[PDB]
Each structure stands twice: as structure tokens, then as C-alpha cells.
Amino acid sequence: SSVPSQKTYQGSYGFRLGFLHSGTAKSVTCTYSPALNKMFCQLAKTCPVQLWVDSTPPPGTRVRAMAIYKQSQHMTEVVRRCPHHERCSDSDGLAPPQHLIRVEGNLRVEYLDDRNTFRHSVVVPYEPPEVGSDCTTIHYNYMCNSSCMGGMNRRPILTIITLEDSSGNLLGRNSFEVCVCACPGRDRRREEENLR
Amino acid sequence: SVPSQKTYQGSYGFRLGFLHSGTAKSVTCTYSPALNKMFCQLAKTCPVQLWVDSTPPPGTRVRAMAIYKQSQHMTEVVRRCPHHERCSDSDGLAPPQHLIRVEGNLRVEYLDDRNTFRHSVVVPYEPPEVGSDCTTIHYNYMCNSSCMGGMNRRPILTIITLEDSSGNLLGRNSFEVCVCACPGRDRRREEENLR
Amino acid sequence: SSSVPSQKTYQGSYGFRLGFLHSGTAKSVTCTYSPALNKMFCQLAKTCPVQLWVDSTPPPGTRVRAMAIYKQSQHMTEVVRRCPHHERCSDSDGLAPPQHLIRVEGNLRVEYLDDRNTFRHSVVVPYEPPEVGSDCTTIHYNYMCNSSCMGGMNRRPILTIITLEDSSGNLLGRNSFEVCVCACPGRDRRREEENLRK
Amino acid sequence: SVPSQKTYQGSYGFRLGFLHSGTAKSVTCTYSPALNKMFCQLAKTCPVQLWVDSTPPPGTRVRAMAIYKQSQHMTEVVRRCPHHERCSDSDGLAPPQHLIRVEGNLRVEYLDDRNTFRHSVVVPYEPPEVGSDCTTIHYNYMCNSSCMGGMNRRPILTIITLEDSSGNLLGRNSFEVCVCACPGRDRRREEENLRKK
DNA sequence: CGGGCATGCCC
DNA sequence: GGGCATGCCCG
DNA sequence: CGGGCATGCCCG
DNA sequence: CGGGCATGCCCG
Ligand SMILES: [Zn+2]
Ligand SMILES: [Zn+2]
Ligand SMILES: [Zn+2]
Ligand SMILES: [Zn+2]
């Protein structure tokens, strides 16, 4: 199917993303590079993504994550787990086995296999920050490596995070590149070295 | 019930031979006598020679089958990984799940054993061409030793059996195999691991 | 294609077999047959005489079909057709479809078949008995693409299968021969003949 | 009707540079100054440097086009042969028929000319990166000079033009190209053949 | 990549 | 027939 | 943890 | 090729 938009749209609520500072130890579980707008993370490890808003979205608002290929020649291809990982015994009880992106720690998560575009996405209700907190954090997990054969096969992906109303209308959108890999700190440091 | 790997030259004096192709980093197929191990690239020609002291009767068949080498893995059927089983690399004759193919023989026959679930590939035995002392079969291995969800860096043995037209055993030999990107580089590594 | 046709020699009830001319190996002779290899070496679009020999005469309605297949088992399911260039080079003889490798010359009753189910190409003419004073029936074939053509045969050897059939397509007889369509048939014949002598 | 090939530096002092990669038998891309001729392998990176004396205005673009070198063949559009046109070698951007592609530039644009039907490939001009004195474009040639039904052993020139945003000419350079299996062998041979006995 | 040789195509 | 130009295999 | 190395694969 | 490097994964 045609590739969903990745255009940054803060919208009426001033929707932005934030990421924890985690450092670049060789095999740190998850690390974000501001200079690349790129997350490096290990398979099945917690990846925190922060939602920041200037004003609070309505009740019933939801937050959706979807992966797409970054490169034009691959844009029409659905991002999914490789044949091996799809057939592994790693089900969390909620996510269909073909889905790359899962959410942990939220029993209200829903998974969509779009009947029109065949793309996968994972969505949770938007909860405003608890009093004393400045942002809302969602814990994602990526369940296949960037390097997997028959899956991403070293082709870079973007994760698109959208804020939507209860009926699915777009309220806001942001995105970040992601590399799922064995050694996120090593690889972040290497990619950062390369723009020099 | 693990297939036998016991060497049996039998009445026809059946032995295997290999081409000695050296250890250039990316040589297609190379055999290590020290290890009795063939190192070869995925989908490329792997020649295996059949040598006999006397000629088996027409109707004789030659079967190849892979098993895991390590005792703890021996009962597991050797098959292509989920990625490679789904690739569009059919030659029109081989089943997509089979690790070992034979190339260049229209009489090739593949078996999924109904009882053991093991895969094998069999061709008719033919005597050497005039002036030649051996019969060469061209095998292809269709998954890397390193493939996740497949061999997963577990060593395999290929067992070559000479059979009569009804399947009775006439001879057996075997060799270890590593299917890899750089067979010359890798042959040298395993050899030095001992001495 | 999902299957492969038989290439087994079958003389049948009429004692059907093939014959070929003695043409020699003068480097660039237009067509030459190697009895040792059962292989015809010829130039693109040049006449390739093939003789049909029979012990008794098949009845009117009998047909003679020619079909190419790849010789190597790993390519045998792939339909032999002309390369993208030759398919488009506007060299029609008025009857042969542009995709067909094998043509027949000089026969107004030639028919070209593109099999709806195997997708294989073939060319067929009515069987005619030999002319007076002759022992055999000669068909003039042409091969319209080189063995070396990219996107075509791509250096893969082919076999031509000649079948004798009744009016319904039932098999009456079969024979086959290898073919290389190349620039220098004499040279290439001699080189391939040398390659056992080694 | 034939596009001009006449070299001229123009007001920005535009000229080309090439990597001097030598003549090892199968070097992937090499350039002969004596012949003003690039020899390169199909689909391999062919770096061409743009050198200017002063920086051209915003919106400047750089176009490449192939034409046959021989006068008898000049009016024929240079295109890929039927085989290569149909190979599964697409980069997702170049039309299947085009001989010349640009690699590693997401802003590449391709043109089939309305009047002449000739093919060209155009990129925005960018000034040299910091610490560099020239701008490099990575071309690929997607058909061999020898291809039957394509160039068929007929020599070609590549014409590189510096253009304003509207397509008006600012500068032009050209070089002969042979796309072949063994660029070093073939370059060394052609240069060996320049002299007398 | 590239030595060795197949294959096109002149003399 | 001779010789060379040019592509391709598999190390 | 970082150092180190095995293994696939790609620029030239 | 074959030197080099990306990437998984082991080891102390
Ligand atoms: Zn995976
Ligand atoms: Zn595999
Ligand atoms: Zn052709
Ligand atoms: Zn071409």
C-alpha cells in the first residue's frame, strides 16, 4: 500500500516526542540520538517514548505507533517480523506474532492489522501526565532486529507516532528512525561518528 | 531413531572423494581432510565423488541425508530455516524445505520420510564416464550453517548411502559440512582451532 | 512450465529416425552436425536441414513437430524463447510469431503453436513422403536467436525434440539433438569434440 | 537537432575532474586524459567531479546526457538495450530505459525530452563540502557499449551541463565513455594504440 | 576484482 | 583460416 | 561492561 | 576475488 505520511504535525495540542538520556555503553538496552533523531535499541527490551503536549487532548484520545521503511524503493512494503521471529515462542498474550512493535505494561493496548493497507500498528489510550509529571511515557518493545533476514534485512525504518481522536482522526504526528540491534551504544556512536 | 552414520565400504568397496580446491577466502567449495569436513557456499556446486572397487548393479541408488553431529541435537530433523524455505529459489524439482539438493540430474527424487520426518535426496547410480575412476554427484546446500531458526551454528554430517533398487543398504560414508559465505577463510579457522 | 517433455528416442511403428548432412568444419560453415556429440552447430537464420527417415509411410494427416528445451535439468522447466532483442528485431517471415526460436523455411502449411497450458513453443508441418528418387524427407529449420543471447538462452545448451504425431497430437515417433546457435559453428564443433579428448 | 557537445567553462569557470584510478585489468572506473575517455563497468560507481572558479546562483542544476559520437549515429537516441531495460536492477528512481543514473542523491530528476525524446538525468548543484574543492556526483552506466540492440559497439559521449533553474546553459563539458567488462585492459590498449611502430 | 578462455567478428 | 576484441566463470 | 572475534557481504 | 567492516554474540 501507499506509505502513510511521516510529516511532523504538532497540531492544536502542541504534540511533541521526548526521549530519556541513557548514554552509549556498548550494549545499553535503548538509547536515543538527538543528532540523528534515531533510537537504537535491543530486541524485546523496554524502549521509553515520551509524549509532550502544550494543552491536554480530549478524553478518548489514542496514541498509535506504526513502522514504515525509510527508503522510497521499499516504502510500499509492510514492515513485519521475519519468518523466524514470527514463528518463535515469544507471544506476550496480546500482540499478534507478525507485529514488530509491541507496548508493555498496558492492558488496554490494541493491535491493528489494517484491512485496507495491510499495515500493522499498536495503539493505547492517551493518559495525561500524573500530577507532578511533565510528560506521558509509553514503553515500546521491538521484536525483530534491523538485520533479520526475510524481515527488515538492514533496511532502516521510521516509527510514526500519531495522536488521534476516538474515531481515528489525526490530531498530531511525530516520528523517529529506529535501529533494533545487539549493541545500541556501539552502533549509535558509530553512526554519530559518520557525520564527521 | 537416528539414521546410522557408520562407515561401511561394503562389497563394492565404496568410498568418497573430493576435489582439492585450496583455501582462497571465497572458494565455492573446499574439503578439509584433517577435519573430514566440506566447507561450501549456499546454492553453489558441491562435487562429491563416488569411488568403487567393483561396479554396483544397475538399479543401485545413491542417497544423501543430513543429521546434526552433536548427540544433543541428533534427534532433530535438519531442515532449511524459515527464511530460506520461503525464498523463490526453486529449481522446479526440489521441495522448498530440503537442505540438500542434487543439481544436473533429471532423475533426482526427494523423500520426506513418513515415519521419521527426515529429508533426503536420491539419484540413480551410474558408473564413471570412460577414462574416469569415479562418479561425481553435484550437491547444493540451500541454507547456511549460521541461519537462525535453522541449523543455528550447529554442525551437520551428510551421510551418503549406496542402496539397492528396493532400498537395502550396500554402502555408507559421511562427512561434516559447514555451509558459509567464505569457505576458504573458515576452513583455515577450524583447522587451527586444534593445531 | 510445471513439467518437462520426454526426449527419449522412439522409432515407433513407422521406424522413425533422423538424419543429417555431412557439412565439415570450415570455421564459419553455416550449419554442421557432430555425430559424436549428436549436436548441430549453426548460425542464426541459416538453413538447418533435418532428414526424416521412415521404414514405412505414415498416413496423410500425420504431422512433424519441433520443440526446444534446455538440456540442463535445473533449467529444463523454463520455456525456451527468443531474447528481448531478437523478439523485437522485425525479422518476420510472414508467419512465425516473434517469440519463437525455431522456424521452418519454405513450407506454406507451417503452423506455430504457443501452448496455452505449458506455454512451450513448437513448430509443426504436415509429414510428406520423400520426393521421387529420394530416401528421406528433409525439413529446413532456422534458429532465430543465438545460444549466447542475454535474456534468452544465455549460453545454456538446448535440445531440439522432433516428434512424429497423428492428426490428434498422439505420439508416433520421437528423436532429438543438441543445438548451439553461434557465430563460428565449425570452430565450436571442433572445440567441443576435442573436450572429451582431454 | 543534436545537442551541442562543445566544451565551455562559462562565467563560473566550470570544468570536470575524474579520479585517476590507473589501469588494473578490471578497475571499476578509470579515466584516460589522452583520450578524454572514461572506461567503466556496468552499474559501478563512476565519480565525476565538478570544479568551479566561482559559486553559481541558487537553483543551479547539473545535467548529464549521452549521445553517439559518430556523425552517422548522432540523431539516434542513446538508450538501454531491451535485455537491460527489463533486468530487475531498478533503484526505484531511474526509468528502465535510461543509460545514465545518479546514485546517492534523493533529489535526482530524470527527463525524456518532449521534442527529441533524449534521456537525461539532473541533480541540483551543491557547493563542495567543507574541506573540499570540488563537488562529486556518482554516476552509474546501466548498459555495456557492446550490447546488441543497444549501443552495439558504437562509441558515445556524456555531456555534462551546468544550468540555471530554467534550463539555460551556464557551462558544458563532455567526455567519451566506454562501458565494458575490463576498463583497465581496454584503456591501456587504446592508449597503447595511439603511437607508431 | 581478474587469469584464463569462450564467443563475436573482423583480417 | 588467423587474429584480436570483449564478456564471463569462479577463485 | 568493553574487548574481542565469527560470519555475511560489499566496495573496488 | 580479498581487504575491510557491520553486526551478533561470547568472555572475563
Ligand atoms: Zn527477526
Ligand atoms: Zn537459511
Ligand atoms: Zn537473441
Ligand atoms: Zn545492455
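First the proteins, then the strands, lettered A, B, ... as listed; each starts at 1. Reckoned from all heavy atoms, side chains included, excluding hydrogens, waters and symmetry mates.
Residues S33(A) and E191(A) have side chains that never bring a donor and an acceptor to within less than 3.5 angstrom of each other. Defined by atom type and a distance below 3.5 Å, a donor-acceptor pair is present between the side-chain atoms of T45(D) and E103(D).
Comparing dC5(G) with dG8(E), their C1' atoms sit 49 Å apart, to the nearest whole Å. For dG2(E) and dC11(G), the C1' atoms lie 16 Å apart once the distance is rounded to whole Å. Between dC8(F) and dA6(H), the two P atoms lie 32 Å apart (nearest whole Å). Across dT7(E) and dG4(G), the matching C1' atoms stand 50 Å from one another, rounded to whole Å.
Nearest to the side-chain atoms of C180(B) among the listed nucleotides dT6(F), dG8(G), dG3(E) stands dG8(G). In the set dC8(F), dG1(F), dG8(H), the nucleotide with an atom closest to the side chain of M150(C) is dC8(F). For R153(B), the side-chain atoms get nearest to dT7(G) when compared with the rest of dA6(E), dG1(F), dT7(G). Nearest nucleotide to the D186(B) side chain, out of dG12(G), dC9(E), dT7(G): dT7(G). When distances are taken from the side chain of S26(D) to each of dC9(G), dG2(E), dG8(H), the shortest belongs to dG2(E). Among the nucleotides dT6(F), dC1(H), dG1(F), the one closest to the side chain of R189(D) is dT6(F).
Nucleotide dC8(F) holds its P atom 11 Å from the CD atom of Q41(D), rounded to whole Å. Between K25(D) atom NZ and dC5(E) atom P there is a gap of 12 Å when expressed in whole angstrom units. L43(A) places its CG atom 14 Å from the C1' atom of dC9(H), with the value rounded to the nearest Å. For the pair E192(D) CD and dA5(F) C1', the computed distance is 15 Å after rounding to whole Å. Rounded to whole angstrom, the span from the CZ atom of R188(B) across to the P atom of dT7(G) amounts to 16 Å. For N152(B) and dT7(G), the CG to P distance is 12 Å, given to the nearest whole Å. Computed from coordinates, the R187(D) CZ to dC1(E) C1' distance equals 17 Å when rounded to whole Å. Atom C1' of nucleotide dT7(H) and atom CG of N194(A) are separated by 14 Å, given to the nearest angstrom.
Of the possible donor and acceptor atoms, one in the side chain of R81(A) sits under 3.5 Å from a partner among the backbone N and O of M143(A). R189(B) places no side-chain N or O within donor-acceptor distance of the main-chain N or O of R185(B), the cut-off being under 3.5 Å.
Of the residues near DNA chain F, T25(C) and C182(D), the one whose nearest nucleotide (by heavy atom distance) lies more toward the 5' end is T25(C). Place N144(D) and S21(B) on DNA chain F by their nearest nucleotides, and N144(D) ends up nearer the 5' end.
Under the Watson-Crick or G-U wobble criterion, with both distances below 3.5 Å, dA6(H) is paired with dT7(G). When both distances must be under 3.5 Å, the Watson-Crick or G-U wobble mate of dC1(G) is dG12(H). Checking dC11(E) for Watson-Crick or G-U wobble geometry (two distances, each under 3.5 Å) identifies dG1(F) as its partner.
Taking the six-membered ring where the residue is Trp, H20(D) and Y31(D) present perpendicular rings, their angle passing 60° and hence far from 30°.
Among the protein residues, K44(D) comes within range of the nucleic acid bases, having at least one heavy atom under 4.0 Å from a base atom. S146(B) comes within contact range of the sugar-phosphate backbone alone, with a heavy-atom separation under 4.0 Å but no base atom that close.
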Subject >> Step-by-step side-chain contact (heavy atoms from CB on, under 4.5 Å) determination, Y143(C) to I102(C) >> reply: CA-CA 5 Å; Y143(C) 294 79; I102(C) 306 181; 3.8 Å; yes
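Among the candidates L100(A), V79(A), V180(A), the single residue satisfying the side chain to side chain contact (heavy atoms under 4.5 Å, CB included) test with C144(A) is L100(A).
With a positive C1'-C2'-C3'-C4' torsion, the sugar ring of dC1(G) falls in the north range.
A donor N or O paired with an acceptor N or O is found under 3.5 Å between the base of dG8(H) and the side-chain atoms of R186(A).
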